[PDB]
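# An overview of the molecular structure
The chain contents come next:
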Amino acid sequence: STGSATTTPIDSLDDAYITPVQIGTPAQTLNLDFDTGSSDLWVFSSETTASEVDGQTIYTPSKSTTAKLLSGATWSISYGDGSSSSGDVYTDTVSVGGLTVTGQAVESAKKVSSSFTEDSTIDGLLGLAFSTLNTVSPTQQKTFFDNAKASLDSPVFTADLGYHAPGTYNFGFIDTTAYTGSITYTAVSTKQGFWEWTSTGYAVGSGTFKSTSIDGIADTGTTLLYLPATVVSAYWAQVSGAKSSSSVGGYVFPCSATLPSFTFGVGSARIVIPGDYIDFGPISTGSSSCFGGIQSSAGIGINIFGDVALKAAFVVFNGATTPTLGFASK
């Protein structure tokens, strides 16, 4: 089997991407944030505290003839941005882009933190990291990909995120028309439950490539590119007037600037992030200070190849017995 679904930016900045997902019988379609940095499929629901729902579409298990309470199971998750959610668990039929999993754990939110309530466009998350990170207790549950894997034509999914445009998540096949050149594959460590890999270096604009190992995670659920402070300083030093602002929470730059590109290495290959991808717009409405898309990972404890980086590539998440990642230009 295969599946193919379009993923759409939630706003004009590409702050996140939503993908329609069918849950239950008859189908209830919710727009979920596919997150290769976590491993829970959770949804706003008829059980979510009413004051914490503000415009999201909810899953109502009582209206699904295939929903079953997973008795005794609870979940609770906290994300790197400080947001969180928790609740109980149903199993139900879940389909993505024509690919169907029966008996998928659907984690129904009883509580969500303010940032989820305040984002009316995201109805929940669909985790695509390794199932060892799933938070369901006392019986850990499998991700949608883990459940689908054995049925797929090939044990892979691909992320093809757009810049200020829709893109595609494919399951079970590699669309050879969706990228240019060849795909360069690189080793993955699953020891932390992430799609963790080592970039071979970077360049800023037209500058020379610096060969240096940068361990980090391929994380579709993180907006920005978080790299070591040395790398990030070298980037922003090429932008007149850019500075790190403790009050804003990262590097800012004059909105009048033209940003240089940023290149990262994948083996001997190179992925180029155009400068425009690094502009996250005014820090507050009408400001001439703009927020940078490359930020320091110091204090986060891990480097994160988020959407800013991934959207410059066609990315293969290879879930073979020994997982690997593939990157191609596009």
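### Describing the domain arrangement of the chain
What the domain assignment reports for the chain is domain 1 (5–174) and domain 2 (175–330). Listed as interface residues are 30 residues of domain 1 and, on the opposing side, 33 residues of domain 2. Counting residues per element, the ones that place at least two in the side of domain 1 that touches domain 2 are strand 3 (28–35), strand 9 (156–160) and strand 10 (167–171). For the side of domain 1 that touches domain 2, the element with the most residues is strand 9, which contributes five residues.

### A word on the UniProt feature "active site" in the chain
In the numbering used here, UniProt assigns the "active site" feature to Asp-35 and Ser-199. The subset of the named residues that lines the largest pocket consists of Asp-35. By secondary structure assignment, the location of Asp-35 is in strand 3. For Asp-35, the residues in contact, after removing those within four places along its chain, are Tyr-79, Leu-125, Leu-126, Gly-127, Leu-128, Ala-129, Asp-219, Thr-220 and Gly-221. When near neighbours in sequence (up to four residues on either side) are disregarded, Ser-199 contacts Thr-212, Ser-213, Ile-214, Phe-264, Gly-265 and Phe-305. From its side chain, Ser-199 meets the backbone oxygen of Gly-201 in a polar contact 3.4 Å long.

### Points about unusual backbone geometry
Following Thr-25, the chain continues to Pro-26 via a peptide bond in cis, the omega torsion being -10°. Mapping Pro-26 onto the fold places it in the loop between strand 2 (17–23) and strand 3. The linkage connecting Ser-137 with the following residue, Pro-138, adopts the cis geometry, with an omega of 5°. Following the sequence through the fold, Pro-138 ends up in the loop between strand 8 (124–127) and helix 2 (144–148). Of note, the phi angle at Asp-14 is positive, near 60°, even though the residue is not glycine.

### Points about the sheet that holds strand 18 (residues 269–273)
The strand order across the open sheet formed by seven strands is 18-17-12-13-22-14-21, and the pairing between neighbours is mixed. The sheet is open, and its two edges are formed by strand 18 and strand 21 (294–296), each paired on a single side. Adjacent strand axes in the sheet meet at a mean angle of 45° when their direction is disregarded. With five bridges joining them, strand 17 (residues 262–266) and strand 18 adopt antiparallel strand pairing. The residue of strand 18 that forms the bridge with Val-266 is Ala-269. Helix-sheet contacts for helix 3 (residues 229–236) involve strand 12 (196–204), strand 13 (210–218), strand 14 (225–227), strand 17 and strand 21, and the interaxial angle to strand 21 is about 140°.

### Focus on the layout of surface pockets
The space that makes up the largest pocket amounts to roughly 1200 Å³. What lines the largest pocket is a set of 38 residues, and nearest its centre among them are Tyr-79, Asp-81, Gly-221, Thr-222 and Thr-223. At the level of secondary structure, the elements contributing two or more residues to the lining of the largest pocket comprise strand 3, strand 5 (68–78) and helix 1 (114–117). By residue class, the composition of the lining of the largest pocket is 18 nonpolar, eleven polar and nine charged. For the lining of the largest pocket, the two domains that each supply at least three residues are domain 1 (5–174) and domain 2 (175–330).

### Considerations on helix 3
Turning to helix 3, its buried residues number three or more, namely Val-231, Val-232, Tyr-235 and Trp-236. When helix 3 is viewed along its axis, its buried side chains cluster within an angular range of 125° and face the same direction.

### Concerning the pairing of strand 9
Extensive coverage of strand 9 is indicated by the burial of five of its five residues. The alternating pattern of strand 9 places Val-156, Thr-158 and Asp-160 and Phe-157 and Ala-159 on opposite faces, both of which are buried. Note: strand 9 against strand 23 (residues 314–318), four bridges, orientation antiparallel. What sits directly across from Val-156, in strand 23, is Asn-318. As paired elements, strand 9 and strand 10 share four bridges and run antiparallel to each other. Each bridged residue has a counterpart across the sheet, and for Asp-160 the counterpart in strand 10 is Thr-168. Taken together, strand 9 and the strand that follows it, strand 10, pair antiparallel across an intervening segment of six residues, in which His-164 is found at a positive phi of about 50°.

Procedures and definitions
Residues numbered from 1 in each chain as written, not as in the entry; some residues may be left out. Heavy atoms only, no water. Residues with missing side-chain atoms left out of burial classes, pairs and counts. Domains from an automatic or database assignment. Contact = heavy atoms within 4.5 Å. Helix = DSSP H or I, 4+ residues; strand = E, 2+ residues; numbered from the N terminus. UniProt positions renumbered as here; feature names shortened; annotations may be inferred. 1 Å grid on protein atoms, 1.4 Å probe; cavity = no way out; pocket = protein on both sides within 12 Å on 5 of 7 lines; lining within 4 Å. Polar contact = N/O pair within 3.5 Å; in protein donor to acceptor, adjacent residues only side chain to side chain. Pairing = 2+ DSSP bridges. Axes fitted to C-alpha atoms, helices over the stretch in contact; angles between N-to-C directions. Points joined across faces, edges and corners; volume = space filled by probe spheres on them. Nonpolar A, V, L, I, M, F, W, Y, C, P; charged D, E, K, R; others polar. Buried < 20%, exposed > 50% of the residue type's maximum accessible area, 1.4 Å probe, protein only. Arc of directions from axis to C-beta.

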